[PDB]
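When we count neighbours, we look across all protein chains shown, and the Cβ atoms used for this are built from the backbone with ideal geometry, even at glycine. Only the coordinates and a few stated rules stand behind these numbers; no lab work does.
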Amino acid sequence: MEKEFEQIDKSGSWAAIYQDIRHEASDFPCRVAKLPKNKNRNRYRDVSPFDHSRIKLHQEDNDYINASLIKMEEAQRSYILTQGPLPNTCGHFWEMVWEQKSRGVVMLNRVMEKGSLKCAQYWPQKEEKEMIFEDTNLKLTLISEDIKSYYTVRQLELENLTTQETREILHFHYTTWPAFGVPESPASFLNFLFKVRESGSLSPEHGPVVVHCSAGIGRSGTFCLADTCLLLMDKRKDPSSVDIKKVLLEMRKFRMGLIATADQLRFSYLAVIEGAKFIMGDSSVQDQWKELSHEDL
Amino acid sequence: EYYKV
């Protein structure tokens, strides 16, 4: 697979390849998203979920949320990609988490990035100051927090105020990934992904992991593409049989715009190449990634 | 408010 990468890098064709993907990508209708009663539920007016793969709230009032189920049949994993919640969609976001039985949330943006507000503060930052979402009958409490240098893992308790059932949700927050940019290194990315993997949040007995950033297509797309490719490599039991480009086009049947720059696509290759070492049998490269990540202090 | 800004 490194052959294909070494060539593109010498030829400098990354932007041409990325443009090729945009041209070939699926184009399905988004009628529910464009209804006028849903205008205030969309963060960006050029980013919408397809009708056929959108998540529906179990709600009679309005079942709409800007979120898409990305079901990778062959890799046998599902992801929910969504926009960073808005002040009025925090209750819907956690309604979705609950109804879809998600166990993990991956957040790849910061609440404020280069000036502009990218996301609402949708989870509690202090144990003693829990959030109640009255519109959706949910209560959310911070339980503990594991702060590392470039990411933080929080343990949250989601309580359904109707039934008093409670569930534990793991929140993985990547703090050093700029909008329209890439991670510092494949090591810090893969260390983050394997932390998510190790938690069990991606296990198929749970509902789909929820992944978001600002729009839920760029950094969110990079994260899900790398994970699925490494899944395919392991399942087929053949590294260089995985075509990153075809996998990304498959994902874009479920949500528009996944992977937002040509450099994010280059990084995706770089990350799958580096991750192949673990899949091939070098299980100890994982501890290497942890060291190159500088996750302590 | 457009993603392609």
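Residue order for A:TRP123, A:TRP94, fewest other beta carbons within 10 angstrom first, comes to A:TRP123, A:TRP94. The long axis of helix A:2-11 is offset from the longest Cα principal axis of chain A by roughly 80 degrees. I need the fraction of alpha carbon pairs in chain A separated by more than 31 Å, rounded to a whole percent. Taking all Cα-Cα pairs of chain A, the fraction more than 31 Å apart is 26 percent.
At an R0 of 30 angstrom, the distance between the Cβ atoms of A:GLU99 and A:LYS37 translates into a FRET efficiency of 0.90. Here A:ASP63 and A:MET280 are evaluated by their C-beta separation; at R0 = 35 Å the FRET efficiency comes out at 0.20. Dividing the summed -39500 (n - 2.57) terms of all DSSP H runs of n ≥ 4 by the residue count of chain A sets its mean residue ellipticity at 222 nm at -10500 deg cm²/dmol. Placing +1 on the Cβ of every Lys and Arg and -1 on the Cβ of every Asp and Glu, with no other charges, gives the protein assembly as shown a dipole of roughly 940 debye about its Cα centre.
Counting only Cβ charges, +1 for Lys and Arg and -1 for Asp and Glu, the dipole size of the range A:143-297 around its Cα centre is about 780 debye. Select from A:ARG167, A:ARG45, A:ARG77 the residue whose mean-square fluctuation is largest in a Gaussian network model of chain A (Cα-Cα springs shorter than 10 Å). Fluctuation is largest for A:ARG45. Set the bar at 22 Å for Cα to Cα. Now go through A:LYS101/A:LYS139; A:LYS101/A:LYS237; A:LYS56/B:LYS4 and name every pair that lies beyond it. Pairs exceeding the cut-off: A:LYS101/A:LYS237; A:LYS56/B:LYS4. Rounded to 0.05, the FRET efficiency of the A:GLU74 and A:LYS129 pair, given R0 = 51 Å and the Cβ-Cβ distance, is 0.70. Scanning chain A for GluC sites (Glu not before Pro) lying in DSSP loops with no more than 13 further Cβ atoms inside 10 Å, the longest uninterrupted stretch between such sites is A:206-297. Alpha carbon centre of the range A:107-168 versus the range A:37-86: separation in Å? First find each Cα centre; the distance between them is then 19 Å.
Which residues does a label at A:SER203 reach in the range A:275-297, if reach means a backbone N under 17 Å from a point 7 Å past the Cα toward the Cβ? None, by backbone N distance to the label point. Since only A:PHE194, A:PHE93, A:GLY115 are under comparison, the one whose Cα sits farthest along the positive direction of the charge dipole of the protein assembly as shown, derived from C-beta charges on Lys, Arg, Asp and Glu, is A:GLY115. When DSSP beta bridges are restricted to pairs lying wholly in chain A, around 70% turn out antiparallel. Rg over Rh for the range A:108-184 works out to 1.03, using Cα positions for both radii and the Kirkwood form for Rh.
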